[PDB]
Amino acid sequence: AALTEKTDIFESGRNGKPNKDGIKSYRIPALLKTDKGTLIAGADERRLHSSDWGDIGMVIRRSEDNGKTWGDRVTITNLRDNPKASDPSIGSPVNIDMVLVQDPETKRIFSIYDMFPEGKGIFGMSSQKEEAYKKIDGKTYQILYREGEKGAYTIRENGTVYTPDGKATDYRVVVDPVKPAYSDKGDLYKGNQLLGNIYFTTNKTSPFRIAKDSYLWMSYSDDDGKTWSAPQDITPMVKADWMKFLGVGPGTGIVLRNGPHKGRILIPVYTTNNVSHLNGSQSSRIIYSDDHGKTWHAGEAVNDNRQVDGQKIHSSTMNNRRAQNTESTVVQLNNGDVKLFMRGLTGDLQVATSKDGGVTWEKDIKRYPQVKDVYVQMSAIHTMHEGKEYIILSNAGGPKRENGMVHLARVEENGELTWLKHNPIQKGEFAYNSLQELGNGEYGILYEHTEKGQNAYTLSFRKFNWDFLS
């Protein structure tokens, strides 16, 4: 066989029950082959149910034998639940959806993922804007709102809470968490007494909360994924004042390997606006770093100044369901161009092109009727075989989220894509997935599937070779 049997990396419970570890659900795979040869498999650990909210931790497992066996779960981040929440299913600050990538110069490994305070995830965002940050004297601070008060408190040096007028208080935020899984992050103290947590939004025991908005956090590892930094809040570097949601397109990001922007880290993200939010404004873009992950910047949206049937749209003002593009996967070609394969609503594969290292996008989105898109996440990777350039892309074959496929395209000298093969890899339920090159003509994939009553989803791994592809 040219495809290995299914190995289950993150096992969900069955028939609506928790698994042996008390966890009902895993979702949202990310797969990363590191410079040491290690495979890191990431996921949402969704304890209480399968929905995009609740008690969710960012977790990884490591394989040191190319996916044959796997080590213990390592929790990158898991924010503590609000013990007073009326409904535990929506009673925790939330992390959800990660992107993994390694810097090939520094060997640092990044996991970038979404964060929401307590509530129904994205559906817990305030209906009206709540400002999340304020710049005071050239310094950007996260805002806190106090019960019964209108003004903006700020979290400054060492987590000290300042009044809206600019005076220090005896309140302090845990900004340098030290507990396992960093479960103490956001804890709110008055002197030495723990009062609550700034991410709690109901039945609060402390006076302070952050804006009910959408955030982006990053954790990094310098030891091949064994241990992880405390979360860094990168939101203010990349989130514009008009953006409602800003979140990752989960999977595995890339580092540009050629051209004037060689070394740039690219992370797929997408946004919504306040005009049409999730109904008509989901828009793909990337964020990037040119300094090995220290600072981040937003590129333009594919939808910015995009002409749709003779009239331009902009990601900040659009209201057009079919012009949306959401979670995406990013690839650089040998000619230096960046290709962004975007989940969307045309039924087929949508691809944007950037000639400037991901910052701006060409006028036209290219569609490939040869590859179905049933409106679900996908992953794609660059690969060379026998001196020829290809892209491998995996997603559901359909008609529903089912029949996982690995699609093989030749990259032409145009550089257009020619779809050569469409190979089934998993019968039955199939959703989010993440591909990696393993070396020696082999490839790995971590993907969502269920069978035999499993809760959505169990994340499984398979390896295949060139023979399987071609």
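Quick note: we count residues from 1 along the sequence shown, nothing fancier.
Taking the PDB entry as given, 167 to 175 carries the higher mean Cα B factor of the two stretches 323 to 331 and 167 to 175. Mean CA temperature factor is higher for 411 to 419 when stretches 56 to 64 and 411 to 419 are set side by side in the entry.
Take 382, 226, 185, 277 and read off each C-alpha B-factor from the entry; 226 has the highest. By the numbers in the PDB entry, the CA B factor is greatest at 386 among 304, 114, 373, 386. In the PDB entry, a CA B factor belonging to the middle third of its chain's modelled residues is recorded for residue 437. Placement of the Cα temperature factor of residue 397 within the chain: middle third of the modelled residues, per the deposited record. When the modelled residues of the chain are ordered by C-alpha B-factor, residue 219 sits in the lowest third.
In the deposited entry, the Cα temperature factor of residue 294 places it in the highest third of its chain's modelled residues. Sort the modelled residues of the chain by CA B factor and residue 73 lands in the middle third.
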